[PDB]
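Here is the structure we will look at, set down as structure tokens.
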Amino acid sequence: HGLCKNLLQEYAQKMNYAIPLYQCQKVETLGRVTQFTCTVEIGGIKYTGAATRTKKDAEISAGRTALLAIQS
């Protein structure tokens with residue numbers, strides 16, 4: 001999370017871009033369920049996290065998508 005947020009700022013400078021913008025979304029069932037999908041935009045590419053029930057989870061998946069794409 002912390003480091004997730006940061007390595008991506010490092011990578012945003014190591015590449016010349018304008019800082020990662022985080023977004024959040026929701027899907028809410030008629031009966032009980034709330035699942036947040038989170039997003040990270042760096043470069044001009046939005047990277048999308050898995051759907052989960054808790055924002056930390058998805059905040060991180062979203063980042064794990066961002067770093068792992070970057071790596072390759």
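Residues in the structure tokens are numbered from 1 in each chain, the chains being A, B, ... in the order shown, and ligands are numbered from 1 in the order shown.
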Polymer residues at most 12 Å from residue 71 of chain A, only C-alpha atoms, same-chain spacing of 6 or more positions, as a PyMOL selection string: chain A and resi 7-8+11+64-65
Atoms kept (N, CA, C and O atoms) for selection, written as a compact mmCIF listing (two decimals), in the first residue's frame:
```txt
# COMPACT_ATOMS: atom_id res chain seq x y z
N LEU A 7 6.40 3.43 -4.96
CA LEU A 7 7.21 2.89 -6.05
C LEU A 7 6.64 3.40 -7.35
O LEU A 7 7.37 3.62 -8.31
N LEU A 8 5.32 3.60 -7.36
CA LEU A 8 4.59 4.11 -8.52
C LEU A 8 4.82 5.60 -8.75
O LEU A 8 4.67 6.09 -9.87
N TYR A 11 8.32 5.48 -10.18
CA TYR A 11 8.19 5.06 -11.56
C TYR A 11 7.56 6.14 -12.43
O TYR A 11 7.75 6.15 -13.64
N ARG A 64 -0.98 -3.59 -7.48
CA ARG A 64 -0.27 -4.78 -7.93
C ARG A 64 -0.40 -4.94 -9.42
O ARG A 64 0.48 -5.51 -10.04
N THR A 65 -1.50 -4.47 -10.00
CA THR A 65 -1.65 -4.52 -11.44
C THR A 65 -0.68 -3.51 -12.03
O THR A 65 0.09 -3.85 -12.95
```
Residue neighbourhood residue 63 of chain A, 12 Å, only C-alpha atoms, exclusion window fewer than 3 positions, as JSON, numbers by chain: {"A": [1, 2, 3, 4, 5, 6, 7, 8, 9, 20, 21, 22, 23, 37, 38, 39, 40, 41, 42, 46, 47, 48, 49, 50, 56, 57, 58, 59, 60, 66, 67, 68, 69, 70]}
Create the file for the chosen residues now, containing C-alpha atoms and written as a short mmCIF file (atom, residue, chain, number, x, y, z; two decimals), in the first residue's frame.
```
data_model
loop_
_atom_site.label_atom_id
_atom_site.label_comp_id
_atom_site.auth_asym_id
_atom_site.auth_seq_id
_atom_site.Cartn_x
_atom_site.Cartn_y
_atom_site.Cartn_z
CA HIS A 1 0.00 0.00 0.00
CA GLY A 2 2.37 2.69 1.26
CA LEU A 3 5.20 1.27 -0.89
CA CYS A 4 2.67 0.40 -3.63
CA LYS A 5 1.64 4.08 -3.71
CA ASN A 6 5.29 5.18 -3.69
CA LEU A 7 7.21 2.89 -6.05
CA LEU A 8 4.59 4.11 -8.52
CA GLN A 9 5.53 7.74 -7.85
CA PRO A 20 -0.76 8.38 -10.23
CA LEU A 21 -4.43 9.27 -9.86
CA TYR A 22 -6.48 6.77 -7.85
CA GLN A 23 -10.11 6.21 -8.57
CA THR A 37 -13.16 -1.82 -7.87
CA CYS A 38 -10.24 0.62 -7.62
CA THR A 39 -8.21 2.21 -10.37
CA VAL A 40 -4.72 3.63 -10.86
CA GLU A 41 -3.94 5.89 -13.81
CA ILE A 42 -0.30 6.51 -14.66
CA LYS A 46 -5.71 3.11 -16.20
CA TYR A 47 -4.79 -0.12 -14.40
CA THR A 48 -7.77 -1.90 -12.78
CA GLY A 49 -7.81 -3.92 -9.59
CA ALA A 50 -9.77 -7.08 -8.94
CA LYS A 56 -7.56 -1.76 1.02
CA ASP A 57 -7.69 -5.13 -0.77
CA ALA A 58 -8.79 -3.58 -4.07
CA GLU A 59 -6.63 -0.46 -3.62
CA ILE A 60 -3.69 -2.86 -3.52
CA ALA A 66 0.20 -1.24 -11.94
CA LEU A 67 3.63 -2.47 -10.73
CA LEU A 68 3.50 -5.82 -12.47
CA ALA A 69 2.65 -4.36 -15.80
CA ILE A 70 5.47 -1.88 -15.28
#
```
Shortest interatomic distance to residue 53 of chain A - which of A:33, A:12, A:25, A:72, counting only C-alpha atoms: A:33
All helix (DSSP H, G or I) residues (DSSP, backbone) inside chain A, as a VMD selection string: chain A and resid 2 to 13 55 to 71
With N, CA, C and O atoms retained, write the just-selected residues as an mmCIF file, in the first residue's frame.
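Result file is result08.cif:
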```cif
data_model
loop_
_atom_site.group_PDB
_atom_site.id
_atom_site.type_symbol
_atom_site.label_atom_id
_atom_site.label_comp_id
_atom_site.auth_asym_id
_atom_site.auth_seq_id
_atom_site.Cartn_x
_atom_site.Cartn_y
_atom_site.Cartn_z
ATOM 1 N N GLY A 2 1.408 1.606 1.170
ATOM 2 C CA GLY A 2 2.372 2.687 1.262
ATOM 3 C C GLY A 2 3.323 2.556 0.087
ATOM 4 O O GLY A 2 3.226 3.326 -0.871
ATOM 5 N N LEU A 3 4.199 1.547 0.148
ATOM 6 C CA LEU A 3 5.203 1.267 -0.892
ATOM 7 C C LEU A 3 4.601 1.130 -2.311
ATOM 8 O O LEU A 3 5.158 1.640 -3.296
ATOM 9 N N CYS A 4 3.471 0.429 -2.405
ATOM 10 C CA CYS A 4 2.674 0.398 -3.627
ATOM 11 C C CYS A 4 2.476 1.829 -4.101
ATOM 12 O O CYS A 4 2.980 2.180 -5.158
ATOM 13 N N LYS A 5 1.832 2.682 -3.303
ATOM 14 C CA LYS A 5 1.638 4.082 -3.709
ATOM 15 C C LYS A 5 2.930 4.779 -4.156
ATOM 16 O O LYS A 5 2.900 5.606 -5.060
ATOM 17 N N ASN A 6 4.055 4.424 -3.530
ATOM 18 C CA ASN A 6 5.286 5.180 -3.691
ATOM 19 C C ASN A 6 6.169 4.739 -4.846
ATOM 20 O O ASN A 6 6.682 5.580 -5.587
ATOM 21 N N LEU A 7 6.398 3.430 -4.961
ATOM 22 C CA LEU A 7 7.209 2.891 -6.045
ATOM 23 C C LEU A 7 6.637 3.402 -7.351
ATOM 24 O O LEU A 7 7.371 3.622 -8.313
ATOM 25 N N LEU A 8 5.316 3.602 -7.360
ATOM 26 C CA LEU A 8 4.590 4.113 -8.520
ATOM 27 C C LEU A 8 4.818 5.603 -8.754
ATOM 28 O O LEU A 8 4.665 6.087 -9.866
ATOM 29 N N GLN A 9 5.163 6.333 -7.700
ATOM 30 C CA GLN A 9 5.528 7.736 -7.847
ATOM 31 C C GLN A 9 6.952 7.779 -8.389
ATOM 32 O O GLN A 9 7.215 8.473 -9.374
ATOM 33 N N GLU A 10 7.851 6.996 -7.782
ATOM 34 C CA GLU A 10 9.206 6.782 -8.321
ATOM 35 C C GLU A 10 9.160 6.453 -9.813
ATOM 36 O O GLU A 10 9.855 7.081 -10.611
ATOM 37 N N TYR A 11 8.324 5.480 -10.177
ATOM 38 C CA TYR A 11 8.187 5.063 -11.562
ATOM 39 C C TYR A 11 7.555 6.136 -12.427
ATOM 40 O O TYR A 11 7.753 6.147 -13.638
ATOM 41 N N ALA A 12 6.779 7.022 -11.810
ATOM 42 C CA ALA A 12 6.109 8.083 -12.544
ATOM 43 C C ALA A 12 7.108 9.164 -12.921
ATOM 44 O O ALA A 12 6.938 9.852 -13.930
ATOM 45 N N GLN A 13 8.154 9.304 -12.103
ATOM 46 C CA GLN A 13 9.226 10.260 -12.380
ATOM 47 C C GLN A 13 10.298 9.621 -13.257
ATOM 48 O O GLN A 13 10.775 10.241 -14.210
ATOM 49 N N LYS A 55 -11.800 -1.765 0.677
ATOM 50 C CA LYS A 55 -11.076 -0.860 -0.179
ATOM 51 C C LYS A 55 -9.575 -1.112 -0.165
ATOM 52 O O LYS A 55 -8.944 -0.996 -1.201
ATOM 53 N N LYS A 56 -8.995 -1.449 0.989
ATOM 54 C CA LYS A 56 -7.561 -1.762 1.020
ATOM 55 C C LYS A 56 -7.203 -2.865 0.013
ATOM 56 O O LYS A 56 -6.489 -2.602 -0.958
ATOM 57 N N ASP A 57 -7.708 -4.079 0.240
ATOM 58 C CA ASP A 57 -7.689 -5.130 -0.775
ATOM 59 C C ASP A 57 -7.623 -4.557 -2.208
ATOM 60 O O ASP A 57 -6.583 -4.591 -2.857
ATOM 61 N N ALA A 58 -8.730 -4.020 -2.694
ATOM 62 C CA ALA A 58 -8.792 -3.580 -4.068
ATOM 63 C C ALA A 58 -7.812 -2.442 -4.362
ATOM 64 O O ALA A 58 -7.261 -2.384 -5.455
ATOM 65 N N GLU A 59 -7.586 -1.542 -3.405
ATOM 66 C CA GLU A 59 -6.628 -0.462 -3.617
ATOM 67 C C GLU A 59 -5.300 -1.076 -4.012
ATOM 68 O O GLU A 59 -4.605 -0.563 -4.884
ATOM 69 N N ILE A 60 -4.981 -2.199 -3.373
ATOM 70 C CA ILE A 60 -3.694 -2.858 -3.516
ATOM 71 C C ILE A 60 -3.637 -3.692 -4.772
ATOM 72 O O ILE A 60 -2.693 -3.556 -5.543
ATOM 73 N N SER A 61 -4.644 -4.536 -4.995
ATOM 74 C CA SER A 61 -4.728 -5.279 -6.253
ATOM 75 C C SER A 61 -4.503 -4.340 -7.409
ATOM 76 O O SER A 61 -3.712 -4.641 -8.306
ATOM 77 N N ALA A 62 -5.197 -3.204 -7.376
ATOM 78 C CA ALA A 62 -5.090 -2.193 -8.411
ATOM 79 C C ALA A 62 -3.655 -1.788 -8.625
ATOM 80 O O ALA A 62 -3.185 -1.786 -9.745
ATOM 81 N N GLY A 63 -2.964 -1.465 -7.538
ATOM 82 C CA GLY A 63 -1.527 -1.211 -7.562
ATOM 83 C C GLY A 63 -0.702 -2.409 -8.016
ATOM 84 O O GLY A 63 0.172 -2.275 -8.863
ATOM 85 N N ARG A 64 -0.979 -3.592 -7.475
ATOM 86 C CA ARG A 64 -0.266 -4.778 -7.934
ATOM 87 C C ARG A 64 -0.396 -4.944 -9.422
ATOM 88 O O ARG A 64 0.482 -5.514 -10.044
ATOM 89 N N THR A 65 -1.495 -4.469 -9.997
ATOM 90 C CA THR A 65 -1.647 -4.517 -11.441
ATOM 91 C C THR A 65 -0.681 -3.514 -12.034
ATOM 92 O O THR A 65 0.089 -3.854 -12.955
ATOM 93 N N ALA A 66 -0.684 -2.302 -11.474
ATOM 94 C CA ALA A 66 0.197 -1.242 -11.941
ATOM 95 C C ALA A 66 1.682 -1.602 -11.933
ATOM 96 O O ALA A 66 2.351 -1.364 -12.914
ATOM 97 N N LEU A 67 2.194 -2.186 -10.850
ATOM 98 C CA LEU A 67 3.628 -2.473 -10.730
ATOM 99 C C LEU A 67 4.027 -3.617 -11.632
ATOM 100 O O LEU A 67 5.145 -3.651 -12.151
ATOM 101 N N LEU A 68 3.121 -4.569 -11.815
ATOM 102 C CA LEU A 68 3.505 -5.816 -12.466
ATOM 103 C C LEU A 68 3.528 -5.651 -13.952
ATOM 104 O O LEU A 68 4.260 -6.351 -14.657
ATOM 105 N N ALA A 69 2.706 -4.727 -14.414
ATOM 106 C CA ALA A 69 2.654 -4.361 -15.803
ATOM 107 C C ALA A 69 3.962 -3.658 -16.076
ATOM 108 O O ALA A 69 4.701 -4.036 -16.974
ATOM 109 N N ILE A 70 4.243 -2.652 -15.253
ATOM 110 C CA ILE A 70 5.473 -1.883 -15.279
ATOM 111 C C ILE A 70 6.702 -2.779 -15.376
ATOM 112 O O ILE A 70 7.477 -2.651 -16.308
ATOM 113 N N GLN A 71 6.867 -3.680 -14.412
ATOM 114 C CA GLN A 71 7.961 -4.631 -14.408
ATOM 115 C C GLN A 71 8.260 -5.210 -15.790
ATOM 116 O O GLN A 71 9.420 -5.213 -16.204
#
```
For residue 27 of chain A, list every protein, DNA or RNA residue within 7 Å, evaluated using only C-alpha atoms, and leave out those in the same chain fewer than 6 positions away; present the list as a PDB file with N, CA and C atoms, in the first residue's frame.
```
ATOM      1  N   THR A  34     -21.506  -5.504  -1.337  1.00  0.00           N
ATOM      2  CA  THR A  34     -20.816  -4.320  -1.830  1.00  0.00           C
ATOM      3  C   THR A  34     -19.377  -4.673  -2.230  1.00  0.00           C
ATOM      4  N   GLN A  35     -19.036  -4.431  -3.488  1.00  0.00           N
ATOM      5  CA  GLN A  35     -17.732  -4.792  -3.993  1.00  0.00           C
ATOM      6  C   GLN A  35     -17.135  -3.571  -4.673  1.00  0.00           C
ATOM      7  N   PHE A  36     -15.961  -3.131  -4.196  1.00  0.00           N
ATOM      8  CA  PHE A  36     -15.259  -1.936  -4.701  1.00  0.00           C
ATOM      9  C   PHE A  36     -14.226  -2.303  -5.750  1.00  0.00           C
TER      10      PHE A  36
END
```
